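Participant: Sharing a structure, written as structure tokens. Questions coming.
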Amino acid sequence: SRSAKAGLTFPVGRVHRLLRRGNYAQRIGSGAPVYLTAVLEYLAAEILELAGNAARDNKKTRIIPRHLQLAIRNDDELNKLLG
Amino acid sequence: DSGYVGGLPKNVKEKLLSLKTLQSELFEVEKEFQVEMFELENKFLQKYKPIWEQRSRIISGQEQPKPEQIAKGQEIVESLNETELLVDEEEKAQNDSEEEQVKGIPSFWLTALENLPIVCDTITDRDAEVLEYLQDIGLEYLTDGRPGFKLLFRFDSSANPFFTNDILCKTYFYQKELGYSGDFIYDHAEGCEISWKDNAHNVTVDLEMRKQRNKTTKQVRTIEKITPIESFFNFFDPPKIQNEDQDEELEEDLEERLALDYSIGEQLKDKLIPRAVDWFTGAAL
Amino acid sequence: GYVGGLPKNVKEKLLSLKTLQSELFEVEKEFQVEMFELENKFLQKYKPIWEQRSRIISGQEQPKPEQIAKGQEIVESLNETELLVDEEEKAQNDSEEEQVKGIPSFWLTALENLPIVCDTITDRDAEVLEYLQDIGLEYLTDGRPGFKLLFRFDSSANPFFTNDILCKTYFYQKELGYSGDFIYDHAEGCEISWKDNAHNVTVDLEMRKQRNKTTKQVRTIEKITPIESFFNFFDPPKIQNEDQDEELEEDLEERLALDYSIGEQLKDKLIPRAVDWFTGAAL
Amino acid sequence: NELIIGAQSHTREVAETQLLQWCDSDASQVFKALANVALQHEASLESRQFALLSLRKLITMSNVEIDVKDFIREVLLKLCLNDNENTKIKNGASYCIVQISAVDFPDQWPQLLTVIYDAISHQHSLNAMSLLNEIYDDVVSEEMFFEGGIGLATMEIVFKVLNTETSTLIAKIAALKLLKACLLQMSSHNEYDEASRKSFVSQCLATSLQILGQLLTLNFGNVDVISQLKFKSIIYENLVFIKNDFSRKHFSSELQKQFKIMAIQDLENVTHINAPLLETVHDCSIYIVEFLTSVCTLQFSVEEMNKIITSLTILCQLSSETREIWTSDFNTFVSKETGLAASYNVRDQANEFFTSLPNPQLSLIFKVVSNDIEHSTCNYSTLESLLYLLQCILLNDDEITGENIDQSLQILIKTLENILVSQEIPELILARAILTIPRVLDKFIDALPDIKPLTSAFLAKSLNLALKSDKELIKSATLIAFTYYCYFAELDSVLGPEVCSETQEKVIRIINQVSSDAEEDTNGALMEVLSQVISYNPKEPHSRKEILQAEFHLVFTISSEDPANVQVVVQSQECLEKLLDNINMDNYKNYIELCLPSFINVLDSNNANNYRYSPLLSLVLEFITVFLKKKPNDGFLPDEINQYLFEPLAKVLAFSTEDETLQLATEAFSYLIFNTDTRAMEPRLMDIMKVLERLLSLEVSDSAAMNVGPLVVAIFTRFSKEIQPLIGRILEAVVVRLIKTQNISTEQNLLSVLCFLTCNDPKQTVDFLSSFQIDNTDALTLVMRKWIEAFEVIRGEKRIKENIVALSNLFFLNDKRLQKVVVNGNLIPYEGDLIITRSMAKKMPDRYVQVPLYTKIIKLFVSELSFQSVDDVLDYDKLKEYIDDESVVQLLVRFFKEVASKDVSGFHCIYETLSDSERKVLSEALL
Amino acid sequence: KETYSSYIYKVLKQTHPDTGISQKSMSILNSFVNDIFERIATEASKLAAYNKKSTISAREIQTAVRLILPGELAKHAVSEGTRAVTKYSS
């Protein structure tokens with residue numbers, strides 16, 4: 001798979017299909033969806049690491065919406081980015 | 001246990017041979033069972049054809065829902081959870097002239113296919129461009145000739161700019177004998193030659209052009225190149241075998257491509273079309 | 001979502017599609033009925049072959065030279081040359097051959113070769129299974145659709161229980177489970193009339209003769225404690241779901257998954273394929 | 001004791017917060033002490049109040065107190081219901097009960113709820129009905145009201161209380177308050193046709209209307225006037241709520257008629273009262289007039305109009321308190337008359353009532369009011385109220401008409417004239433006449449021949465009265481009357497140009513006077529009036545600079561008092577743009593001296609403040625720019641503009657340290673430098689360099705820095721031949737800023753500046769970048785590297801082309817340094833497929849490889865060609881021979897062709913290191 | 001509805017093998033991912049339409065990320081995007 005080829009776990013196919021349905025441009029460079037999926041997975045991994053940090057702040061190994069919100073609170077820049 | 005097998009008395013070995021003969025008889029009975037199932041399944045495909053055609057007309061906009069079917073759909077919606085279909089006041093204010101500007105369900109079959117787990121992975125955007133013109137997906141059982149089932153894909157020549165074929169169909173074939181488990185086993189598949197309007201619109205190949213005053217041959221020559229590429233439309237023109245190359249190269253070809261091709265065909269035939277509406281809306285997941 | 005947000009033309013078209021879906025569901029119900037009719041028709045043809053092989057296994061019937069020749073040809077075509085007869089085996093006299101009427105541990109060996117069920121067999125179960133003669137299958141016609149399983153034991157010589165035949169029943173839900181198949185419903189089974197607790201292979205036994213230290217009475221005790229076994233296939237999970245069984249319902253759901261897997265294995269592989277599984281060629 | 005005293009002693013607050021945060025057995029101990037304090041209602045009042053407060057706060061919230069919680073709950077029920085309990089203790093118990101219902105028992109707490117229910121039904125404990133009212137306010141739900149059955153039971157209790165005439169009047173008050181609560185909850189379910197809820201609504205409304213019909217027919221002699229007034233008030237508030245919210249079917253028209261008759265009689269009675277009583281009278285009259293407004297559709301009888309008019313005259317007359325407040329400070333009068341005041345009183349409700357009548361009733365009211373004001377002319381006491389009623393009638397947007405309207409209107413006009421003329425007339429009556437004359441003329445703009453002469457006469461008379469009399473209230477009233485006149489008609493046409501100019505001068509003088517002590521809202525009103533004056537300012541040759549400069553100075557003085565006033569600032573924008581909208585050539589040299597010096601005053605004033613943000617300051621910067629652009633300015637701007645503006649703008653840019661002022665001043669200063677004569681600008685070109693040096697320095701935000709680039713473009717465009725010695729300063733400042741700034745747009749703009757310098761002279765720019773150093777390294781090392789990095793993300797075909805040209809010049813120049821300088825960017829991903837976070841990247845960042853600038857730019861251009869987009873033969877110098885035989889793509893292809901022609905010495909060496917894919921891109925681009 | 005379930009679990013386990021997440025927080029994370037995609041894709045479309053190129057390339061995505069994300073976040077997102085493109089381009 002393309003995600004496997006780039007080492008990504010998130011599906012480049014979903015990102016490419018979202019771009020297509022959005023029709024953000026008359027053509028999309030093949031590297032563009034890979035780059036976008038990589039960025040999205042980077043932000044997801046950041047949020048998940050902070051969620052693990054929050055669950056540990058909660059003395060638990062299971063992430064829940066409370067832990068996710070606390071994780072967003074923990075990181076100021078991501079706090080402003082996500083809001 | 002080979003030692004135990006040797007330990008069996010000659011009489012018990014004869015009994016085991018008779019039991020194996022009984023198993024073979026059961027195999028022939030299973031063959032007749034499968035024949036009867038195929039015949040009655042064909043009958044029920046005939047029975048399904050009217051409803052499938054009617055929903056296809058609804059999808060394409062050729063037909064408009066009647067108030068009775070509308071009420072039946074509403075009461076079905078009240079069952080389970082489909083309140084998405086409950087028409088609100090804002091929509092009733094609309095007029096058919098404004099609504100009918102878009103006729104049919106846009107990208108109904110494209111969405112239905114892309115919602116299907118195994119098959120959607122093969123559909124590239126270039127393939128999806130043709131799928132926009134897909135308005136029908138039909139089933140046909142090869143009662144005549146070699147056993148198998150044929151998938152039908154329909155398009156409009158006057159609309160699509162890719163090929164002049166109104167219908168593209170894929171074929172699957174089974175062996176003359178049943179499988180060990182009693183289910184059908186597969187034979188080499190075949191696909192149609194897509195009548196591309198031009199090679200540029202062709203989606204299964206990538207082309208290059210160059211023109212050189214090649215001094216190596218004293219030729220002012222123009223050259224063209226064609227390279228097959230991965231695409232869902234490679235689902236057609238399935239692999240075929242040449243003995244000498246079959247033994248070395250196409251052994252892995254049959255190991256890999258045939259498995260995926262058969263899995264995709266079975267998934268389509270079983271999951272998709274019987275639940276085309278649910279698959280389009282995703283409820284069939 | 002947005003398809004609903006689209007004008008009411010799309011909503012009404014989808015409503016008509018749902019009506020056609022309900023009509024197709026009715027047609028599919030009638031289709032399932034026809035499939036069950038034909039399945040029972042061909043199960044009537046299956047039953048004679050299964051009964052004949054059961055008679056052969058138990059020794060109640062003998063093969064014939066034509067059957068032996070056909071089996072020889074089929075084995076030669078199969079490449080399973082282990083079953084072939086040899087002159088040394090032919091030297092065996094009739095007296096030596098007739099010392100056993102049926103195939104020793106035929107069903108036991110076949111179940112042992114089977115992937116999952118063999119794990120459930122204990123040594124005492126293996127001893128009991130030697131008395132297992134036939135395995136029969138049936139379809140449930142009335143009420144909830146389903147299929148029934150049967151085992152035959154030579155109760156006359158069986159020292160463990162008096163049950164001549166044990167039957168296991170399976171049930172399906174009322175309507176069509178999605179995807180056009182049936183989903184399981186809870187199962188029911190019979191109770192084994194064990195001759196005694198010592199012979200009860202579903203139980204481990206303790207014998208105690210005591211003089212009570214409190215009341216100084218004299219008593220002899222026969223004690224019981226259930227154990228796992230192949231006959232735990234019977235006494236199946238009680239109910240699909242009930243208020244009083246929830247704590248039980250946990251294990252009931254787990255054992256339901258396991259028992260439905262076992263029953264599907266039986267139905268698909270063992271009863272239709274018994275010779276190869278006994279010989280191990282089906283592996 | 002210690003438990004109570006420590007909690008209620010800094011030990012008091014420490015112990016209170018300690019209690020609240022505990023949620024612990026320790027809380028159960030202090031909570032036990034407080035509960036025992038609460039139980040002993042015979043003593044410890046203050047500690048009981050403190051305990052109630054703490055319990056209320058605690059309940060909002062670990063539940064060890066639960067054992068003692070229920071005890072105090074059962075005690076608190078009694079504490080609330082026992083009327084002998086203290087008032088504040090009772091209220092504490094009640095809202096604590098409400099809070100407990102909210103948290104613990106949103107559904108009925110059966111003991112408390114049933115006990116209070118029964119107590120209300122039987123014993124009629126008023127505190128209980130108050131508790132129920134707040135309960136409905138806070139914790140009940142409409143579904144609970146309808147289907148929970150609470151609504152029906154409550155309504156039955158209330159109906160029983162109202163039916164039992166033995167119930168005291170205060171009990172009636174409580175019952176009616178709870179009935180309002182019940183109707184508020186009921187109307188919340190506007191989704192009628194719900195069979196149960198619809199039937200409940202119908203029965204409840206029918207019974208309520210019947211009972212309220214019964215209640216009003218009652219009479220109570222003179223037992224208690226305050227209670228009677230509250231009783232009538234709540235009854236009529238009920239009736240108004242029903243008439244407004246519920247369907248016309250529920251509240252039938254016959255009931256409307258009878259309630260209307262009874263409401264007129266109640267107006268009579270309430271006015272006869274007064275033989276805080278007055279405030280209760282005003283409230284009851286507010287609600288009665290609301291009801292009359294709602295039922296206004298019905299017919300009205302002559303005696304009924306007489307009663308309504310006389311009662312409203314008595315009610316609407318100003319209380320001495322309001323008259324004193326207005327006379328002491330005209331600001332309050334301006335606020336109230338302009339509608340900015342928030343208070344709502346009987347007079348506003350009378351305004352609502354009169355405006356809503358239909359044409360026949362409205363005509364009859366107008367006739368009655370004219371007849372009454374004719375007689376009341378001698379009776380000055382009621383005159384202002386009747387004038388206000390006339391104003392409300394005329395403010396009704398409908399055709400006042402009728403048989404005798406002409407004669408009554410003549411009489412009314414004569415009365416207004418006499419009111420104006422009389423010198424002994426009271427102040428407020430004169431003000432109301434002034435404000436009412438415009439309405440009288442407006443609604444009779446037709447059917448009143450000689451309207452133009454009468455408008456002229458009245459406007460002149462009112463302006464003269466405002467000027468001569470020195471009562472500021474009258475001045476503000478006359479300004480508002482002028483504002484109303486402007487809407488009524490085109491004063492210039494009716495007045496004529498000369499009279500219009502005279503009135504403009506007079507209104508300007510009035511504004512100059514009253515503006516001395518205006519309030520902020522008064523300032524807004526004055527700004528609106530001035531806007532009205534400006535419109536009539538003739539742009540015809542008759543325009544006079546006296547009026548124009550007076551208007552400008554007024555605009556600036558009014559706003560300067562309260563710069564932070566945003567509303568005044570925006571109205572000043574409107575007035576100022578209307579001023580500048582004039583077009584006349586010779587006078588746009590007079591504007592330089594006329595308006596511009598006023599701006600300099602604003603800039604100087606903020607100077608002491610260091611030009612911190614102020615909406616007026618932004619306004620003046622905006623309109624300096626707009627004035628400079630609006631001026632013909634096809635040739636150079638007149639030199640006078642430079643002399644005024646340059647120094648204030650230079651100071652603003654040098655000292656200010658906030659984004660908005662710097663941006664606006666920067667754009668204005670850029671325009672000034674761009675459009676002015678270069679010769680006159682030449683001697684002071686040094687000052688601009690001081691300004692530029694200050695902005696490029698980090699002491700200002702990057703928001704200012706990015707705008708610098710266009711300013712440098714302007715400087716170099718105007719002064720291409722004097723700039724040369726100053727280039728070094730500009731280049732060094734911009735380079736030191738660029739390497740330190742990290743904002744994308746800022747560095748993009750600074751790189752645009754560098755490209756502009758290189759295009760001006762590549763050798764010079766290279767030399768300065770080599771000589772200048774930051775952190776003791778050649779700027780080219782940092783500058784070229786960062787430039788290339790930024791070029792990867794530059795946007796816009798214009799900037800891309802500029803980058804291409806600049807890099808082409810760099811490549812052609814072929815100095816040693818441009819060759820040796822190696823750039824960062826050639827990437828290899830870090831090992832592993834794991835997703836690198838910031839914490840991860842701190843130890844495992846991705847890796848890059850370096851190449852000489854020429855190779856890097858070749859790779860970048862090849863990539864750009866790729867994006868915009870046997871031929872694979874190597875030795876591309878021969879491919880050029882085969883190939884040889886304004887957009888980015890065209891110019892860049894031409895660049896590559898020229899490079900292959902000239903730079904073969906280095907380009908061929910670079911090509912050899914080039915990859916095959918890049919070579920393929922080069923080949924396909926050459927097509 | 002958006003579903004990145006199995007891949008969210010994979011990322012979490014790679015970051016923390018002993019840590020799990022509940023499906024509701026997973027849906028919220030999908031919402032965050034969709035919002036990020038929407039902003040990046042929208043502004044990248046802005047850049048593509050701005051240029052005559054009329055194409056959303058990896059350059060458009062990189063510029064959109066740089067404009068959207070803060071300094072460190074933008075730098076790291078760009079780093080991993082280029083990493084993925086280089087790995088894919090092999």
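So you can find residues: chains in the structure tokens are A, B, ... in the order shown, residues in each start at 1, and ligands are numbered from 1 in order.
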Do a neighbour search on residue 103 (chain B) at 12 Å with only C-alpha atoms, toss out local chain neighbours closer than 6 positions, and write the hits as a PyMOL selection string.
Facilitator: (chain B and resi 57-64+96-97+135) or (chain C and resi 7+9-10+13)
Participant: If you count only C-alpha atoms, which residues fall within 10 Å of region 31-47 of chain C, apart from same-chain ones fewer than 3 positions away, as number ranges by chain?
Facilitator: B: 25-26, 29-30, 32-33, 36-37, 40-41, 43-44, 47; C: 25-28, 50-52, 136-141, 145-146, 176, 180-182, 271-272
Participant: Could you write out the selected residues, including N, CA, C and O atoms, as a short mmCIF file (atom, residue, chain, number, x, y, z; two decimals), in the first residue's frame?
Facilitator:
data_model
loop_
_atom_site.label_atom_id
_atom_site.label_comp_id
_atom_site.auth_asym_id
_atom_site.auth_seq_id
_atom_site.Cartn_x
_atom_site.Cartn_y
_atom_site.Cartn_z
N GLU B 25 -18.93 -40.85 -3.60
CA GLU B 25 -20.36 -40.76 -3.91
C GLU B 25 -20.97 -39.50 -3.31
O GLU B 25 -21.77 -38.82 -3.96
N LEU B 26 -20.60 -39.19 -2.07
CA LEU B 26 -21.03 -37.94 -1.46
C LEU B 26 -20.57 -36.74 -2.28
O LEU B 26 -21.27 -35.73 -2.37
N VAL B 29 -22.95 -36.36 -5.09
CA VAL B 29 -24.19 -35.79 -4.55
C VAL B 29 -24.02 -34.29 -4.33
O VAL B 29 -24.94 -33.51 -4.59
N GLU B 30 -22.85 -33.87 -3.85
CA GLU B 30 -22.58 -32.45 -3.68
C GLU B 30 -22.58 -31.72 -5.01
O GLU B 30 -23.00 -30.57 -5.10
N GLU B 32 -24.43 -32.49 -7.63
CA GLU B 32 -25.84 -32.29 -7.97
C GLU B 32 -26.46 -31.18 -7.10
O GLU B 32 -27.26 -30.37 -7.59
N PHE B 33 -26.10 -31.16 -5.82
CA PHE B 33 -26.55 -30.10 -4.92
C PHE B 33 -26.17 -28.73 -5.44
O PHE B 33 -27.00 -27.81 -5.48
N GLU B 36 -28.26 -27.73 -8.51
CA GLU B 36 -29.60 -27.27 -8.14
C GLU B 36 -29.54 -25.86 -7.54
O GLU B 36 -30.38 -25.00 -7.86
N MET B 37 -28.56 -25.62 -6.67
CA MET B 37 -28.40 -24.28 -6.10
C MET B 37 -28.15 -23.24 -7.19
O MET B 37 -28.72 -22.15 -7.15
N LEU B 40 -31.49 -22.52 -9.09
CA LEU B 40 -32.47 -21.74 -8.35
C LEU B 40 -31.95 -20.34 -8.05
O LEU B 40 -32.73 -19.38 -7.98
N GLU B 41 -30.64 -20.19 -7.89
CA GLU B 41 -30.05 -18.86 -7.75
C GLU B 41 -30.23 -18.04 -9.02
O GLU B 41 -30.46 -16.83 -8.96
N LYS B 43 -32.78 -18.43 -11.04
CA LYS B 43 -34.20 -18.06 -10.96
C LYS B 43 -34.40 -16.83 -10.07
O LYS B 43 -35.14 -15.90 -10.42
N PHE B 44 -33.73 -16.81 -8.92
CA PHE B 44 -33.90 -15.69 -8.01
C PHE B 44 -33.19 -14.43 -8.49
O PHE B 44 -33.60 -13.33 -8.13
N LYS B 47 -35.80 -13.03 -10.47
CA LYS B 47 -36.75 -12.37 -9.57
C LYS B 47 -36.24 -11.03 -9.07
O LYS B 47 -37.03 -10.10 -8.89
N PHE C 25 -35.90 -7.57 0.66
CA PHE C 25 -35.78 -8.38 1.87
C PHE C 25 -36.86 -9.45 1.93
O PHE C 25 -36.60 -10.58 2.36
N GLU C 26 -38.08 -9.11 1.52
CA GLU C 26 -39.13 -10.13 1.44
C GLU C 26 -38.76 -11.22 0.43
O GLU C 26 -38.89 -12.42 0.72
N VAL C 27 -38.29 -10.81 -0.75
CA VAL C 27 -37.87 -11.78 -1.75
C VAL C 27 -36.74 -12.64 -1.20
O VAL C 27 -36.66 -13.84 -1.47
N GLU C 28 -35.85 -12.04 -0.40
CA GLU C 28 -34.73 -12.76 0.17
C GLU C 28 -35.19 -13.75 1.24
O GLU C 28 -34.60 -14.82 1.41
N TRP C 50 -24.20 -41.40 5.19
CA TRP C 50 -23.65 -41.28 6.53
C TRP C 50 -24.02 -42.49 7.38
O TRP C 50 -23.18 -43.03 8.11
N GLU C 51 -25.27 -42.95 7.28
CA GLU C 51 -25.70 -44.13 8.02
C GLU C 51 -24.95 -45.37 7.56
O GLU C 51 -24.58 -46.22 8.39
N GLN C 52 -24.73 -45.51 6.26
CA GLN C 52 -24.00 -46.67 5.75
C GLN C 52 -22.57 -46.68 6.28
O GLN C 52 -22.07 -47.72 6.73
N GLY C 136 -25.15 -38.13 13.66
CA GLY C 136 -26.21 -37.77 12.75
C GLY C 136 -26.53 -36.29 12.83
O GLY C 136 -26.31 -35.65 13.87
N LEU C 137 -27.04 -35.74 11.74
CA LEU C 137 -27.41 -34.34 11.65
C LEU C 137 -28.83 -34.22 11.12
O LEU C 137 -29.30 -35.07 10.36
N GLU C 138 -29.51 -33.15 11.53
CA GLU C 138 -30.88 -32.91 11.11
C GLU C 138 -31.15 -31.41 11.09
O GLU C 138 -30.42 -30.63 11.70
N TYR C 139 -32.20 -31.03 10.37
CA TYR C 139 -32.63 -29.65 10.27
C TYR C 139 -33.92 -29.44 11.05
O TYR C 139 -34.78 -30.31 11.10
N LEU C 140 -34.03 -28.26 11.67
CA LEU C 140 -35.23 -27.89 12.41
C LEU C 140 -36.21 -27.21 11.46
O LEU C 140 -35.89 -26.16 10.88
N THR C 141 -37.39 -27.80 11.30
CA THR C 141 -38.39 -27.29 10.37
C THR C 141 -39.39 -26.36 11.03
O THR C 141 -39.83 -25.38 10.42
N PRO C 145 -35.64 -21.45 12.69
CA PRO C 145 -34.79 -22.31 11.84
C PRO C 145 -33.52 -22.70 12.57
O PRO C 145 -32.99 -21.95 13.39
N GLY C 146 -33.02 -23.89 12.25
CA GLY C 146 -31.81 -24.38 12.89
C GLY C 146 -31.53 -25.80 12.45
O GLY C 146 -32.24 -26.38 11.62
N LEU C 176 -34.10 -12.32 9.07
CA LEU C 176 -32.86 -12.49 8.33
C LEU C 176 -31.77 -11.62 8.93
O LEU C 176 -31.87 -10.38 8.91
N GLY C 180 -27.61 -11.41 4.53
CA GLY C 180 -28.34 -12.48 3.89
C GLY C 180 -28.12 -13.86 4.46
O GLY C 180 -28.54 -14.85 3.85
N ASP C 181 -27.47 -13.96 5.61
CA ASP C 181 -27.31 -15.22 6.33
C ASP C 181 -28.09 -15.16 7.64
O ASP C 181 -28.74 -14.16 7.96
N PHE C 182 -28.03 -16.25 8.39
CA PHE C 182 -28.61 -16.31 9.73
C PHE C 182 -27.51 -16.19 10.77
O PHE C 182 -26.42 -16.73 10.59
N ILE C 271 -18.91 -34.64 9.54
CA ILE C 271 -20.01 -35.45 9.01
C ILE C 271 -19.93 -35.57 7.50
O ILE C 271 -20.13 -36.68 6.98
N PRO C 272 -19.65 -34.51 6.74
CA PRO C 272 -19.43 -34.69 5.29
C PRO C 272 -18.10 -35.34 4.95
O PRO C 272 -18.02 -36.03 3.92
#
Participant: If we count only C-alpha atoms, what is near region 206-221 of chain B at a cut-off of 12 Å, once residues fewer than 4 positions away on the same chain are taken out, given as a PyMOL selection string?
Facilitator: (chain B and resi 126+198-202+225-231) or (chain D and resi 870-873+879+882-883+885+923-924+927)
Participant: Please save C-alpha atoms of the selected residues as a CSV table (one decimal), in the first residue's frame.
Facilitator:
chain,number,residue,atom,x,y,z
B,126,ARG,CA,-8.0,8.1,-12.9
B,198,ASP,CA,-7.8,7.6,-27.7
B,199,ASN,CA,-4.7,6.3,-25.9
B,200,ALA,CA,-4.5,9.6,-24.0
B,201,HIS,CA,-7.9,9.0,-22.3
B,202,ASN,CA,-6.8,5.3,-21.8
B,225,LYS,CA,6.1,4.4,-25.8
B,226,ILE,CA,3.4,2.6,-23.8
B,227,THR,CA,3.7,1.3,-20.3
B,228,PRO,CA,1.0,-0.6,-18.4
B,229,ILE,CA,0.2,1.0,-15.0
B,230,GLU,CA,-1.7,0.0,-11.9
B,231,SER,CA,-5.4,0.8,-12.1
D,870,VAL,CA,16.1,9.4,-27.4
D,871,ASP,CA,15.6,12.4,-25.1
D,872,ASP,CA,17.6,10.9,-22.2
D,873,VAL,CA,21.0,11.4,-23.9
D,879,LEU,CA,21.5,18.4,-26.2
D,882,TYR,CA,20.2,19.7,-30.8
D,883,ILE,CA,17.6,21.9,-29.1
D,885,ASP,CA,20.0,23.6,-33.9
D,923,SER,CA,15.3,17.6,-21.2
D,924,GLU,CA,11.5,17.7,-21.1
D,927,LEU,CA,11.0,21.1,-25.4
Participant: How would you write, as JSON, numbers by chain, the set of residues in region 45-126 of chain B that DSSP gives as helix (DSSP H, G or I)?
Facilitator: {"B": [45, 46, 47, 48, 49, 50, 51, 52, 53, 54, 55, 56, 57, 58, 59, 60, 67, 68, 69, 70, 71, 72, 73, 74, 75, 76, 77, 78, 83, 84, 85, 89, 90, 91, 92, 96, 97, 98, 99, 108, 109, 110, 111, 112, 113, 114, 117, 118, 119, 120, 125, 126]}
Participant: Could you check how far CA of residue 37 (chain A) sits from CA of residue 84 (chain E), in Å to one decimal?
Facilitator: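 Those two atoms sit 8.7 Å apart.
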Participant: Which polymer residues have any atom within 9 Å of an atom of region 62-73 of chain C, counting only C-alpha atoms, with same-chain residues fewer than 3 positions away left out, as a list in words?
Facilitator: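 Near neighbours after the sequence-gap exclusion: residues 13, 14, 15, 16, 17, 18, 19, 20, 21, 22 and 24 of chain B; 55, 56, 59, 76, 77, 78, 83 and 84 of chain C.
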Participant: I'd like the neighbourhood of residue 133 (chain C) as a list in words, where a residue qualifies if any of its atoms comes within 9 Å (using only C-alpha atoms), though same-chain residues fewer than 3 positions away should be ignored.
Facilitator: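 These residues fall inside the cut-off: residues 54, 55, 57, 58, 106, 107, 129, 130, 151, 152, 153 and 154 of chain C.
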Participant: With only C-alpha atoms as the counted atoms, please give the residues lying no more than 9 Å from residue 137 (chain B), apart from itself and same-chain residues fewer than 5 positions off, as a VMD selection string.
Facilitator: chain B and resid 56 109 151 to 154 273
Participant: Neighbours of residue 12 (chain E) within 9 Å (only C-alpha atoms; same-chain residues fewer than 3 positions away dropped), as a VMD selection string?
Facilitator: (chain A and resid 45 48 to 49 52) or (chain E and resid 7 to 9 15 to 21)
